[PDB]
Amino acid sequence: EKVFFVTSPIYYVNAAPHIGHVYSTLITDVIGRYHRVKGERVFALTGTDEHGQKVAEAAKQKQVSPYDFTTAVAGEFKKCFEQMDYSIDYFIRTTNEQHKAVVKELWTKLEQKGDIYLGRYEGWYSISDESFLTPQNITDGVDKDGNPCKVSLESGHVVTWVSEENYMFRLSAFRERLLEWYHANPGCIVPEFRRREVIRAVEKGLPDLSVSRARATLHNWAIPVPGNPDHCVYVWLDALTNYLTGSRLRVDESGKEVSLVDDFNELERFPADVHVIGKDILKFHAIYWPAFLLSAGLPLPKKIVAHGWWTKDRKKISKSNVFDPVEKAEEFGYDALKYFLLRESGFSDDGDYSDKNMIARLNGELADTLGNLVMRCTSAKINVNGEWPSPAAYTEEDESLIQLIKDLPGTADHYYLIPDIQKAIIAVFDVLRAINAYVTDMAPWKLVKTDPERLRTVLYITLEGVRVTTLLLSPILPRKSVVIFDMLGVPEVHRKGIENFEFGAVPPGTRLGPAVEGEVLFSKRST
């Protein structure tokens, strides 16, 4: 047993944060959260990637030193993510000294086992992606200022030629072993098809990788290569090591580091259980990262979730679709927008954000299915005693609904683990819709007069239903799930832990929380 260790990719500090990074870190957060709700110990980890030519030149463009610039931008990121009301255990920065120590340690480790040598790289490169590309991965396209240039087929950004004496990691040595790892662990890359892509790529062949760069090129704004000040460590070998650094930092109550353990075992975090990333950076996480680790005698991660790219109104996120997530959060609600991001598309798909679409999913899932159920379920009209009634005899119809509620956890457990947050959300909302049909059917408004003894069995099942679903929706709706429980008057101990996935863990005679006359759970908006 280990600390469950979930990651978010650390982001380039060249520009303000947006929905893309909020999205990636939310997925990180939800996986971390669910596992905590399971009662497991967890370490979630978002951060910023600060070194390298991309950011270095981003600082030059804004007429200011990288030190001042990166600190400032990295600050916008901590602010955004604080306001997004997450629950991550650390915000890492590659400018941090303890990190640098680890990168140098890893570098040395790799050198030691003869898998780094001094070579050349003569080929293409995208500064904007800090990615080496082969000629097949570039095409003709327009420079800014209209000039003919070469653009990346992956990114679309400008690619410049590079002819440098660089340090080379022996990636080609590791293709057969990588291929075993992909096959030995047929669920280590999700969604499935993105796995297949990785395997096709590795099936063809791997060249050795340039893991250092000419100091000059980077504007001296990267971690030096050990034993050779003339070089700096490739931004990605630096950036990828952030996962190993967070696994070795010890953190205090204010979220600041205090110490860097010598060994990764001391904190029982490494290797990552889930590396949430974007499809755009798969090759580094699924080919490079594991290759480095094997070289160095380290463990490999368990799972890499590579997701799709958001767009707004089908047009791509605006360099020049203004998208402030914190405002859309203030507009519609923070849990509401978290939900929408997680529900509106799965990891296989390139989601398309639309205000009107979210108004729909708010008004017709959160408000009208979930919210609606709760408002009836807890009411002086139906629940005249404001308690949890004792169940009478169970109808077969009762037993059907219950079986759905008994099963619902085990199913969502798989989907959360896959991970597929979408097929875990619907899974719950299938059970919420059922619970709702049942109640319309049983007509408890009528039963309060005809058959109070039967109304006990109806109200109780509903309540336990609404409870087990809300419990399993916690990581999606962290703040509203607490409001739901408060209305239900569930004890705090029954809001966490697998013991409370059991049907009927809250016993009858439990008193409902106070009834506020205005209290609406989710607010129906204009179309």
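We call the rigid core whatever largest set of C-alpha positions still superposes within 1.5 Å between the two forms. Counting begins at 1, following the sequence as shown.
Of the two stretches examined, 322-330 and 98-106, the one with higher mean CA deviation in 9 other deposited structures of this protein after a rigid core fit is 322-330.
Between 240-248 and 345-353, the larger root mean square Cα shift in 9 other deposited structures of this protein, once each structure is superposed on the rigid core, falls on 345-353. Note: missing coordinates for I317 occur in a third or more of the other compared entries bracketing this position.
In terms of unmodelled positions of the deposited sequence, the stretch from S320 to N321 in this entry skips 1 to 3 residues. Looking at mean Cα B-factors across 22-30 and 64-72, the upper value is held by 64-72.
As listed in the deposited structure, the average C-alpha B-factor of 238-246 and of 147-155 is greater for 147-155.
Take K279, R343, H275, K356 and read off each C-alpha B-factor from the entry; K356 has the highest. Listed residues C377, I402, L209, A286 were ranked by CA B-factor as deposited; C377 comes out on top. Looking at the C-alpha B-factors along this chain, the one for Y415 belongs to the lowest third. In the deposited entry, the Cα temperature factor of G504 places it in the middle third of its chain's modelled residues. Compared with the other modelled residues of the chain, the Cα B-factor recorded for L133 ranks in the lowest third. Ranked by Cα temperature factor within the chain, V3 sits in the middle third according to the deposited record.
The entry lists a Cα temperature factor for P444 that places it in the highest third of the chain's modelled residues.
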